[PDB]
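Undergrad: The structure follows.
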Amino acid sequence: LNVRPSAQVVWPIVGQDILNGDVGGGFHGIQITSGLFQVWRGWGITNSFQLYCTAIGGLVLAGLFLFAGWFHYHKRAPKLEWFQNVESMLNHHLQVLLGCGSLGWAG
Amino acid sequence: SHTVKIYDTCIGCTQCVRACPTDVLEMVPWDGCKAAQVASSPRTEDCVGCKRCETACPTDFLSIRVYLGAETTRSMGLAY
Amino acid sequence: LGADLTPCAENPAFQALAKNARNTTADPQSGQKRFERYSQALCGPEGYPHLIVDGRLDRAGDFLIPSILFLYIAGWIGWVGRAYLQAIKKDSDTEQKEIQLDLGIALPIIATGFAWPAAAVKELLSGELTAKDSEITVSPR
Amino acid sequence: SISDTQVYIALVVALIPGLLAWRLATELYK
Amino acid sequence: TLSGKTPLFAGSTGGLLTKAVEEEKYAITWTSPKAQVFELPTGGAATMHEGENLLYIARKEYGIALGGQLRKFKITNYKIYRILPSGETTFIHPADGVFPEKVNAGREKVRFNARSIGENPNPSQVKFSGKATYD
Amino acid sequence: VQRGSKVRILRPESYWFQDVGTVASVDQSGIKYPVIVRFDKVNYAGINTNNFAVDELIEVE
Amino acid sequence: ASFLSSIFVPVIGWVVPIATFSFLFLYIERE
Amino acid sequence: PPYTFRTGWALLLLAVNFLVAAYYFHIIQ
Amino acid sequence: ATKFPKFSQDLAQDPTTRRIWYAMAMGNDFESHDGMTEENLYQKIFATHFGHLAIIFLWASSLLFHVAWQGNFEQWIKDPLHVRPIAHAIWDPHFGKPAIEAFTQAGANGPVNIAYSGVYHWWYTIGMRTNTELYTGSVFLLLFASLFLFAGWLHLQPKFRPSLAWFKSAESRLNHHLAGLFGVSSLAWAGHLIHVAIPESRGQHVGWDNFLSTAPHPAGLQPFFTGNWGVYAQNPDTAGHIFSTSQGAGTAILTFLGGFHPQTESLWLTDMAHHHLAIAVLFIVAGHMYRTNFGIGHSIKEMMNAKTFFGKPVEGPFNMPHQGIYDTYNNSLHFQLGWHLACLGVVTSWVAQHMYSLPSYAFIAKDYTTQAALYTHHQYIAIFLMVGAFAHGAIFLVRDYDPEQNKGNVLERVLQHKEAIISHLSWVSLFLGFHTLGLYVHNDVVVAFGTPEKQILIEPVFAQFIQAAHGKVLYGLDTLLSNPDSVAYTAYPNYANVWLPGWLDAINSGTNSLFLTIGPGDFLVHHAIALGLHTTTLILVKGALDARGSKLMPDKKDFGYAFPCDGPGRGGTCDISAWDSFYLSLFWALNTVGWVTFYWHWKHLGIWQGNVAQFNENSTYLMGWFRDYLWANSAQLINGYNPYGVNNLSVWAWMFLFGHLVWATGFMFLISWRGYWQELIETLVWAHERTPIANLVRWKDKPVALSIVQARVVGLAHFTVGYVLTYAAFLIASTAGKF
Ligand code: CLA
Ligand code: CLA
Ligand code: CLA
Ligand code: CLA
Ligand code: CLA
Ligand SMILES: CC1=C(/C=C/C(C)=C/C=C/C(C)=C/C=C/C=C(C)/C=C/C=C(C)/C=C/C2=C(C)CCCC2(C)C)C(C)(C)CCC1
Ligand SMILES: CC1=C(/C=C/C(C)=C/C=C/C(C)=C/C=C/C=C(C)/C=C/C=C(C)/C=C/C2=C(C)CCCC2(C)C)C(C)(C)CCC1
Ligand SMILES: CC1=C(/C=C/C(C)=C/C=C/C(C)=C\C=C\C=C(C)\C=C\C=C(C)\C=C\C2=C(C)CCCC2(C)C)C(C)(C)CCC1
C-alpha cells in the first residue's frame, strides 16, 4: 500500500539521477506502471532468487526459440502439406497451447 | 477535354499507347525515329488525364505531354 | 557586460543556488565543483551564468574556444567525408562503396583528417576544391 | 448618444453609396 | 447490331447508373473459346459463355480494363461500342480494327509537335493570344 | 562523336544537362536524334540512356 | 432607435442570405 | 575578372562593420 | 452549357460542382478571363480599385457611426484610463439572461462589445470630443465612399475609359503620388494637427464653425512669411500639461521635444505636426524628380538603360545591368503587385514595431489589450502581404517574365545562380534551426534535471549595444548618446540635438516599451524569428525561382502558377507547382508570426504585471513558454463559461474552441486527399439514385470531390482562420481578463 513499484534505476550522469525518485522501501528508481509486481505477487514469487531463476529460464527459452527458428528454416523446414493441416493445428493449439496451458496454470 | 501533345523526341517504343486506360493514343507511321512509328492522340476527348502515358515514356525529357484542360464527364471519369 | 550582469562569485542569487547545488554525477562534490567553476562566469540577477560571445578575449572560453574546437572537429568530419566520396568515385562499384564502407580506403582518410585545414587551403588555391558552373547540372531558366 | 433622426439621415445617406455600389458592380460585370 | 448473351453472375451495385439512360453507355463484346470465370470491371466474379458475350459498362475505361483481363484469357477479339440515348451504337475500340499499340498504315499524326519539349515558347510570348505554349 | 566518346549534354530540359555521358552508338541514318548516350547516374524515371542530336553534344575526351 | 437592431439583424441574418442564395442559385443554374 | 569593384565595395561594408565594432569595444568614443 | 461563369467557357461547360468552386477562385483573376485584352484588363482593374477604396471608406464610416451611436466615447473622454471603450451593441436573440447580464458592461444599458481597435484613443488624440463629431465623420465618409463608387462607374464609360499609354505613364504617377497623394496628404494632416488636434489638446474647441476666425498661433502666419519660424517652437506644452485642458498648455504649433507627453505617455502632437510638415516638404520635393510633360526631370527607362558613368563606361546603375527592368516593372502587373506587396508588408511590420514602442495616441500605452490587439493585427497583416509579395513574384516569373526582353540584366543573373541562392537559404535555415532548437532543448533538459545554472544563456550584446548607442544607460556601456562626451551626444559643431533631452528621458524611464531591456530569453527568440524569416523566404524564393521549371519538371512554365502535380511518374510530383510553395510558405508565415506575437505578448504581460523576472528566467526553455505563457494565461479564458455560470469572456472562450475546431477541420483537407473522397461520393450518388422517394429530386451539377488544388486552398483557409481566431481569443481574453 505504501511502497511504490520501481524496477528501473538510472545511472548518475549529466544530472539524470534526479529520475531515481524516493519510491519507498529505502529504494531510488523510476516508478514502473507495467504491473509486473502485481503479476509476480499473483504468481506467488516472494524473493529475488525466484525472479533470477525465472529470468535465466527465459534466456534459455529465448535461446531455444532462436535455435528453433534457425533449425526450422536452415536445417529441417516443413513442407506446405505440414502448414496446411489447419484441423491438426487448431486441435493442438486449442488442447495443448490453451487447454493444457490453462490446466498447467490451474495446477 | 485534356490536350495530349507528342514531341519529335519520340522513339516509337509504344509504351504510352499500351499504358493508356481509355485508348486515347495509337502508333502511326513515321520516318523520324529508327522504330519508324510515332505516338498520336486522336481520341483526347476520352483522355482522363491520369498521365500513365508520361510515366510510361522512356525519353528525357518526355516525348508525350498531357496538359489538363476543360473538365468534362469523360475527363472527370464519372460513371454518373 | 550589460543587463544586470555581475561576477557570479559576487551575485547573492548564485551563492544561494550553490548552497543547494545538485550532484550531476556519482561524485558527491560534483554539485559544489560546478559552482566553483561557474564562479568565474558573469551571472544575471537570478544567478545563472550568462555567456558573452562578442569575441572578448577575457570571455574566450564562453564561445571563441568552443567555436575553434567545433570548427576543427566538424571540418575534419566534412573533409574525411569528402575525401572518401572522391576516393570511391575512381572505382567501378561506387554506389556499393557508399552503403558498404571500404574500410581499407576509409580508415587511412579518417587517420589523415587531422591535417584538413592545410588540405582545404592547398585545394582552395589549386582550383581543385570546386567544379566549374558550366560542368555542373542545372535546371532550365 | 446621437438622436433617432441622425440615425435615419445616416441610413438614407447610406442608400446613395448603396445605389452607386450596385451601378459599379453591374458595370464591372460587363 | 450488338450480338452476345450477358455473362452469368453479371449483377452488382457497381453497374449502370442514370448516366447510361441520360448521357451515354458502353458495351464490350467478345467471343470466348470456353465458359470461364472473370472479375467484372466494378467487382463480382462473372462467368463468360462459350461464344459471343455482351457486357454493358458505364465508362470506356471499364471496357479497356476488361479488354486487358480478356488478353490474359488469350482473347483479343473484344470490341467496345459507345451507345447514345437515341440508340446510336458507334464502334470505338479498336478504332480501325487494328489495336492502337500495333502500327497501321492510313493513320495520320494527331497533335504532333515537330520540336523537342524544351523548344516550346514562353507563356509571356503567347499572352493575350488565343494559342497556348504547346500549340 | 562516335562509340565510346565522352560527351557533355547541351539540351536544357535533359536531366543530364551539363553532365558527361558515354556515346553508346550513333545511328547512321536521317533520324533527328541519332546519338544514343548512356549515363552513370539514373534520371528521376530511373533510366540511364537517352537519344541526342550531334548539336546537343560537346565531345570532351 | 435601438429597435432598428430588431429589424436589421434578422434581415442580415435571414432575408439577405435567402434573397442572395436564392438569386445566386438561380444564376449558377441558368442555361 | 580580378573582382576589383565588388571586393572594393565588400571591403567598404567590412570597414563600416569594423568601425561600428570599434564603437562597441570603446576604441573610438 | 450554363451561363456562369461568364468569364470562362471551360468552367461554364463543366457538368460537375467543380464549375461553381473554380468560378469563385477565378472571379478576380481578370488576366485569365475569356477574351481579356491588356487595355480592358487595366480599365477593369482601375474601376475595381475605386470599388475597393469605397469599401475601405464604408468600413471606416461603420467604426465612426457604431461608436457615435452605441459607444461610450463622451464618457470615455472624461476617464480614458478606467472607462472601457464600447465597439458596438449586441442584439443576439440566442442569449439567455445570464449572458445579457454578463455582456452589460462599460456602463452600457444593454449588452455591448468592448473595442480593442484603439479607435477611441486615435479619435480623441486627433481632436474629436463629441458623438456628433464622430457621426459627422461617418456621414462624410459615406459621401466620400459614394464619390469613389461613382468615379469607378464613370471611368468604365466609353469617353472616360483611360488608354493603355495612360496606365503605363509611370513617371507622371510617381510625381503625382509622391508630391500629391503622400506629400500634400502629409501637409494637409500637419494642417489638421496644427488647426484642430493641438488646440483641442489644449482645451480649445476648434471646429468647422470657428476654425477660419481662430488662428492656430498668436503670431498668426506673419513669422512664416518673414522667416522667423522659431516663433512656432516658442512656449511648448509643459511637463505639467493635462491633455484636453489649458492647465500646463503651451502656444507652440511646431516643437521638436522628443520622447513622450508625460501624462498621456504618447508622442507630443507638436512633434507629430512638425513631423508631417517636414515629411510633406520632403515628399513634394521628391515628386519633382521624374519628367512628365515639361522636359525637366529624370527618365527611369534612361536611368535603367544608362551605360556611361561620366565618360567611363559601366554595365549600368551601380555597374549592374538594369536594362529592360523599367519595361519588366511597367509592363507586368504581377511584378508590380508583388513588389508593392513586399513594400507594404515591410511598412506594415514597421508600423507594428513602432506603434507599441512609440505610441502616438493619448493613453493607448495603458490600454494593454488594445496595444496587444493592434501589434498582433498588423504583424499578421504584414505576414500575409509578405507571402503575397512572393506569390505574385512567382506568378510574374511563370506568366509575365520574358527572358529575351531581360537579356543580360540583374533579373536574368539572379535566375542564373538560383541554385546558389536556394542552397545558401537552405543552409542558413538549417544552421539557425539546428542550433536554436538545440540550445532550447539543452536549456529545457538541464532545467528539467534541476540544474538551471547549466543553461546556455547568450546575452544579446549587439542589440544591447544598439540600445546603449540610443542612450539607454542601464547596460553601462558609455557609447554614442549613452556617452555624454561623444560627438553623437553633443553634436560637436552645431549642438542642435534638441530631440535628445526628451528622447533620453523616454529611453531611460523603465515605465514604457521604448527599447525594452533584453537578455538571454530575447536572444533565443530573435534567433527563432530569424529561423522563421529565413525558412519562409527559402520556401517562397525556391517557389519563385523554380516556378518556370526544375530538373523534375523542366517545362513547368507551360502548366502555369497553380496545378495539382505532374502525376506519380518520375518518382512522384505532389506539390511541385509554384502555387504549392505559397501554400507551404503560409504555414511557416503563420508559425513565424506565432513566435513573434507570443514573444511580444509574454514579454509585455511580464512588463504590465511588473514581473519581467518571469519572462527573463523562464523564456530560456520551451517548458517555460508552454507553462508560464500558454497554460498559465489560459486559466481565465477557458472559465469564460463553466457549470457555475458565464462572464464577459464567454464569447472568447467559445471563439477559442471555434478556432481549435476550424484549425482541426483544416487538417482533414490537408491530410486526406481527393481519391478517397471521390470514391466515397460515388457511393452517395449511387444511394441517392436508388433511394425510392429521394430519387424524385436530382442535382443539376454532378457531385464530385474537391480538386487537389481546391483541397489545399480549403485546407489552408480552415487552418489559417483557425490559427487567427484561436490566438485572437487567447490574446484578448488573457489580457482583458488580467486588465
Ligand atoms: C505488443 C506489445 C505488448 C506489451 C509490451 C504488453 C505488456 C504487458 N502486458 Mg499485454 N497483451 C498484448 C500485447 C502487449 N502487452 C496482446 C496483443 C494481448 C492479447 C493476448 C495481451 C494480453 C495481456 C493479458 C491478459 C495481460 C497482459 C499483461 C501485460 C503487462 C505485464 C507483462 C507480463 O509479464 O504479464 C504476463 C501475462 C500474464 C501473467 C497473463 C497471461 C494470460 C493470457 C490470457 C495468456 C494468453 C496466451 C495465449 C497463448 C495468447 C492468446 C492466444 C489466443 C488469442 C488464441 C505488460 C504491461 C498482464 C498485465 O496487465 O499485468 C498487470 C496481463 O494480465 N497482456
Ligand atoms: C561528406 C559529407 C558531407 C559534406 C562534406 C557536406 C557538405 C555540405 N552540405 Mg551536405 N549532407 C550530407 C553530407 C555532407 N554534406 C548528408 C549525408 C546529408 C543528408 C542529411 C546532407 C544534407 C544536406 C542538406 C539538406 C544541406 C546540406 C548542405 C551542405 C553544405 C553546407 C554545410 C551544411 O549545411 O551541413 C549540413 C549537414 C547535415 C545535413 C548533416 C550531415 C550528416 C553527416 C554528419 C555527414 C555525413 C558524414 C559521413 C557519413 C562520413 C563518412 C566518412 C567515411 C566514409 C570516411 C556543405 C557543402 C547545405 C547546403 O546546400 O549549403 C549550401 C544544405 O542545405 N547537406
Ligand atoms: C443571423 C441571425 C439570426 C437571428 C436573428 C436568429 C433568431 C432566432 N433563432 Mg437562430 N440560428 C441562426 C441565425 C439567427 N437566428 C443560425 C445561423 C443557426 C444555425 C447555427 C441558428 C440556429 C437556431 C436554432 C437551433 C434555434 C434558433 C432559434 C432562434 C429564435 C430564438 C428566439 C426565441 O426563443 O423565440 C421564439 C421564436 C420563434 C419560435 C420563432 C419566431 C418566428 C420565426 C422567426 C419566423 C416566423 C415566420 C416568418 C414571418 C416568415 C418565414 C421565415 C423567414 C423566411 C423569415 C430566434 C428567432 C430557436 C427557435 O426558436 O427556432 C424557431 C432555435 O431553436 N436558431
Ligand atoms: C494587395 C492586393 C492583392 C491583389 C489585387 C491580388 C490579386 C490577385 N491575386 Mg493575390 N495575393 C495577395 C494580395 C493581392 N492579390 C496576398 C496578400 C496573398 C498572400 C495570401 C496573395 C496570394 C495569392 C495566391 C496564392 C494567388 C493569388 C491570386 C490573385 C489573382 C486572383 C485572385 C482570385 O481570383 O481569388 C478569388 C478569391 C478567393 C478564393 C477568396 C477566398 C479566400 C478568403 C481569404 C477566405 C476567408 C475565409 C472566410 C470568409 C472567413 C470566415 C470567418 C469565420 C469566423 C467563419 C488576382 C490577380 C491567384 C492567381 O492565380 O494570380 C494570377 C492565386 O493563385 N494571390
Ligand atoms: C515542429 C514542427 C516542424 C519542424 C521541427 C520542422 C522542421 C523543418 N522544416 Mg518543416 N514544416 C512544418 C513543420 C515543422 N518543420 C509544417 C507544419 C509544414 C507545412 C507543410 C512544413 C513545411 C516545410 C517546408 C516547405 C520547408 C520546411 C523546412 C523545415 C526545415 C527547416 C530547416 C531548419 O531550420 O531546422 C533544422 C532542422 C530541424 C529543426 C529538424 C529537427 C532536428 C532533430 C530534432 C535532430 C534529430 C537528431 C536526433 C538524434 C534523432 C532522434 C530520432 C531517432 C529516431 C534517431 C526543418 C527541418 C524547410 C527546409 O527543409 O529547409 C532546409 C523547407 O523548405 N518545412
Ligand atoms: C513463467 C515463465 C517461465 C516458466 C514457466 C514454467 C515453469 C512453466 C511450467 C509449466 C508446467 C509445469 C505445465 C504443466 C502442465 C501439465 C499438464 C497440462 C498435464 C495434464 C495432464 C492430464 C491432461 C492428465 C490426464 C489424465 C491422466 C494422465 C490419467 C488419469 C486421467 C486424466 C485425464 C486425469 C519461463 C522459465 C519459461 C520464462 C518465462 C516466464
Ligand atoms: C537600420 C537603420 C538604417 C538603415 C536601414 C536600412 C538600410 C534598411 C534596409 C532595408 C531593406 C534593404 C529592406 C529589404 C526588404 C526586401 C524585401 C522584403 C524583398 C522582397 C522581394 C520580393 C518579394 C520579390 C519578388 C519577386 C520575386 C521573388 C521574383 C521576381 C519578381 C519579383 C522581383 C517581384 C538607417 C541608416 C536609415 C538609420 C538608422 C537605422
Ligand atoms: C569573429 C566572431 C564572430 C563573428 C563572425 C563572423 C561574422 C564570421 C563571418 C564569416 C563568414 C562571412 C564566412 C563565409 C564564408 C563563405 C564561404 C564561401 C565558405 C565556404 C566554405 C567551404 C567551401 C568549406 C568547405 C569544407 C571544408 C573547409 C571542410 C569540410 C568539408 C567542406 C567541403 C564543407 C562572432 C560574433 C559570431 C563570435 C565571436 C567572434
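Residue names in the C-alpha cells use chain letters A, B, ... in the order shown, residue numbers from 1 in each chain, and ligand numbers from 1 in the order shown.
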Please return as a ChimeraX atom specification the residues found within 7 Å of ligand 4, counting only C-alpha atoms and all ligand atoms.
TA: /I:24-30,337,341,384-389,391-392,395,561-562,579,582-583,717,721
Undergrad: Enumerate as a short mmCIF file (atom, residue, chain, number, x, y, z; two decimals) with N, CA and C atoms, in the first residue's frame the residues within 7 Å of ligand 1, counting only C-alpha atoms and all ligand atoms.
TA:
data_model
loop_
_atom_site.label_atom_id
_atom_site.label_comp_id
_atom_site.auth_asym_id
_atom_site.auth_seq_id
_atom_site.Cartn_x
_atom_site.Cartn_y
_atom_site.Cartn_z
N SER A 34 3.79 -0.94 -15.29
CA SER A 34 3.55 -2.15 -16.13
C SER A 34 2.83 -3.24 -15.33
N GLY A 35 2.71 -3.10 -14.01
CA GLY A 35 2.00 -4.05 -13.14
C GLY A 35 2.76 -5.35 -12.93
N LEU A 36 4.07 -5.37 -13.19
CA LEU A 36 4.91 -6.59 -13.06
C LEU A 36 4.90 -7.09 -11.60
N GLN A 38 2.56 -6.80 -9.30
CA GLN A 38 1.23 -7.40 -9.04
C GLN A 38 1.13 -8.75 -9.76
N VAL A 39 1.76 -8.89 -10.93
CA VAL A 39 1.84 -10.18 -11.68
C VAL A 39 2.65 -11.17 -10.84
N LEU A 97 -1.70 -25.78 -26.27
CA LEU A 97 -1.30 -24.37 -26.05
C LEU A 97 -2.26 -23.72 -25.05
N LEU A 98 -3.57 -23.77 -25.30
CA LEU A 98 -4.59 -23.07 -24.47
C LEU A 98 -5.11 -24.00 -23.37
#
Undergrad: For chain C, list the residues within 8 Å of chain F, counting only C-alpha atoms, and write the list as a list in words.
TA: residues 134, 135, 136, 137, 138, 139 and 140 of chain C
Undergrad: Those residues you just picked out, can you put them in a file as a compact mmCIF listing (two decimals), in the first residue's frame with N, CA and C atoms?
TA:
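Result saved to selection-v3.txt:
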# COMPACT_ATOMS: atom_id res chain seq x y z
N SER C 134 29.63 25.59 -65.46
CA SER C 134 29.30 25.07 -66.82
C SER C 134 29.33 23.54 -66.87
N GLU C 135 30.01 22.88 -65.92
CA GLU C 135 30.20 21.41 -65.87
C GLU C 135 29.33 20.77 -64.76
N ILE C 136 28.49 21.57 -64.10
CA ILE C 136 27.53 21.12 -63.04
C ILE C 136 26.12 21.21 -63.62
N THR C 137 25.31 20.16 -63.47
CA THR C 137 23.90 20.12 -63.93
C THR C 137 23.10 21.25 -63.26
N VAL C 138 22.22 21.90 -64.02
CA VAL C 138 21.30 22.98 -63.54
C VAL C 138 19.94 22.82 -64.21
N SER C 139 18.92 23.47 -63.65
CA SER C 139 17.53 23.49 -64.16
C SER C 139 17.45 24.42 -65.36
N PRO C 140 16.46 24.23 -66.27
CA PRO C 140 16.20 25.21 -67.32
C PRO C 140 15.69 26.52 -66.71
Undergrad: As a list in words, please: every protein or nucleic acid residue near ligand 3 (cut-off 8 Å, counting only C-alpha atoms and all ligand atoms).
TA: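 The residues within 8 Å of ligand 3, counting only C-alpha atoms and all ligand atoms, are residues 6, 9, 10, 11, 12, 13, 14, 15 and 18 of chain G; 92, 93 and 94 of chain I.
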Undergrad: Could you save the residues just selected, with N, CA and C atoms, as a JSON list (two decimals), in the first residue's frame?
TA:
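Printed below is selection.json as written:
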[["chain", "number", "residue", "atom", "x", "y", "z"],
["G", 6, "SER", "N", -33.54, 45.06, -33.95],
["G", 6, "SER", "CA", -34.58, 44.01, -34.01],
["G", 6, "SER", "C", -35.08, 43.81, -35.45],
["G", 9, "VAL", "N", -30.82, 43.07, -37.88],
["G", 9, "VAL", "CA", -30.05, 41.83, -37.56],
["G", 9, "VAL", "C", -30.78, 40.61, -38.15],
["G", 10, "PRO", "N", -32.11, 40.44, -37.95],
["G", 10, "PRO", "CA", -32.85, 39.38, -38.65],
["G", 10, "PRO", "C", -32.81, 39.46, -40.18],
["G", 11, "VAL", "N", -32.83, 40.67, -40.75],
["G", 11, "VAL", "CA", -32.79, 40.90, -42.23],
["G", 11, "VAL", "C", -31.42, 40.43, -42.76],
["G", 12, "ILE", "N", -30.33, 40.86, -42.12],
["G", 12, "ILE", "CA", -28.94, 40.49, -42.49],
["G", 12, "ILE", "C", -28.72, 38.99, -42.20],
["G", 13, "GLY", "N", -29.48, 38.42, -41.27],
["G", 13, "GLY", "CA", -29.36, 37.02, -40.82],
["G", 13, "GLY", "C", -30.11, 36.04, -41.70],
["G", 14, "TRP", "N", -31.26, 36.44, -42.27],
["G", 14, "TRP", "CA", -32.25, 35.54, -42.92],
["G", 14, "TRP", "C", -32.65, 36.05, -44.30],
["G", 15, "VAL", "N", -33.21, 37.26, -44.36],
["G", 15, "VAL", "CA", -33.80, 37.85, -45.59],
["G", 15, "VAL", "C", -32.69, 37.99, -46.64],
["G", 18, "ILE", "N", -31.16, 34.42, -47.77],
["G", 18, "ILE", "CA", -32.21, 33.73, -48.58],
["G", 18, "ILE", "C", -32.27, 34.38, -49.96],
["I", 92, "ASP", "N", -28.54, 39.77, -30.06],
["I", 92, "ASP", "CA", -28.47, 38.31, -30.32],
["I", 92, "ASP", "C", -29.67, 37.68, -29.62],
["I", 93, "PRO", "N", -30.68, 37.19, -30.38],
["I", 93, "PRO", "CA", -31.83, 36.51, -29.79],
["I", 93, "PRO", "C", -31.47, 35.27, -28.97],
["I", 94, "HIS", "N", -30.34, 34.63, -29.28],
["I", 94, "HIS", "CA", -29.92, 33.31, -28.73],
["I", 94, "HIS", "C", -29.41, 33.46, -27.30]]
Undergrad: Using only C-alpha atoms and all ligand atoms, determine which residues fall within 10 Å of ligand 7, then list them as a PyMOL selection string.
TA: chain I and resi 328-329+332-347+385-398+400-401+411-412+414-415+466+537+540-547
Undergrad: Using only C-alpha atoms, which residues sit within 9 Å of residue 94 of chain C once same-chain residues fewer than 5 positions away are excluded, as a VMD selection string?
TA: chain C and resid 85 88 to 89
Undergrad: Please check the contacts: residues of chain I at most 7 Å away from chain B, using only C-alpha atoms, listed as JSON, numbers by chain.
TA: {"I": [10, 11, 14, 15, 567, 569, 570]}
Undergrad: Mind giving me the straight-line distance from atom CA of residue 87 of chain C to atom 52 (C, counted along the ligand's line) of ligand 2 in Å, one decimal?
TA: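 Taking atom CA of residue 87 of chain C and atom 52 (C, counted along the ligand's line) of ligand 2, their separation equals 10.8 Å.
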Undergrad: Could you list, as a PyMOL selection string, all residues that come within 6 Å of ligand 8? Count only C-alpha atoms and all ligand atoms.
TA: chain C and resi 53-55+64+75+78-79+120
Undergrad: Those same residues - N, CA, C and O atoms - I'd like them written as an mmCIF file, in the first residue's frame.
TA:
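Contents of the output file result_25.cif:
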data_model
loop_
_atom_site.group_PDB
_atom_site.id
_atom_site.type_symbol
_atom_site.label_atom_id
_atom_site.label_comp_id
_atom_site.auth_asym_id
_atom_site.auth_seq_id
_atom_site.Cartn_x
_atom_site.Cartn_y
_atom_site.Cartn_z
ATOM 1 N N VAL C 53 29.619 36.361 -26.162
ATOM 2 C CA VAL C 53 30.029 35.688 -27.434
ATOM 3 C C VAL C 53 30.459 36.740 -28.467
ATOM 4 O O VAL C 53 30.355 36.455 -29.671
ATOM 5 N N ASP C 54 30.980 37.886 -28.021
ATOM 6 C CA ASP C 54 31.344 39.040 -28.894
ATOM 7 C C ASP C 54 32.824 38.980 -29.301
ATOM 8 O O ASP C 54 33.270 39.918 -29.979
ATOM 9 N N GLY C 55 33.560 37.937 -28.905
ATOM 10 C CA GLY C 55 34.997 37.776 -29.201
ATOM 11 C C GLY C 55 35.885 38.481 -28.185
ATOM 12 O O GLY C 55 37.079 38.668 -28.488
ATOM 13 N N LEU C 64 34.355 31.516 -28.118
ATOM 14 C CA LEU C 64 35.511 31.570 -29.054
ATOM 15 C C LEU C 64 36.277 30.241 -29.042
ATOM 16 O O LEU C 64 36.557 29.728 -30.140
ATOM 17 N N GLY C 75 35.057 20.237 -39.407
ATOM 18 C CA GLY C 75 35.832 20.343 -40.656
ATOM 19 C C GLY C 75 36.535 19.040 -40.982
ATOM 20 O O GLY C 75 36.561 18.670 -42.170
ATOM 21 N N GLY C 78 33.821 16.609 -42.250
ATOM 22 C CA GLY C 78 33.458 17.027 -43.615
ATOM 23 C C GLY C 78 34.544 16.680 -44.615
ATOM 24 O O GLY C 78 34.205 16.178 -45.704
ATOM 25 N N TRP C 79 35.806 16.932 -44.269
ATOM 26 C CA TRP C 79 36.960 16.681 -45.170
ATOM 27 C C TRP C 79 37.121 15.178 -45.403
ATOM 28 O O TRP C 79 37.273 14.772 -46.571
ATOM 29 N N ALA C 120 42.584 21.776 -47.105
ATOM 30 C CA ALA C 120 41.485 22.661 -47.560
ATOM 31 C C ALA C 120 42.061 23.906 -48.239
ATOM 32 O O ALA C 120 41.508 24.305 -49.281
#
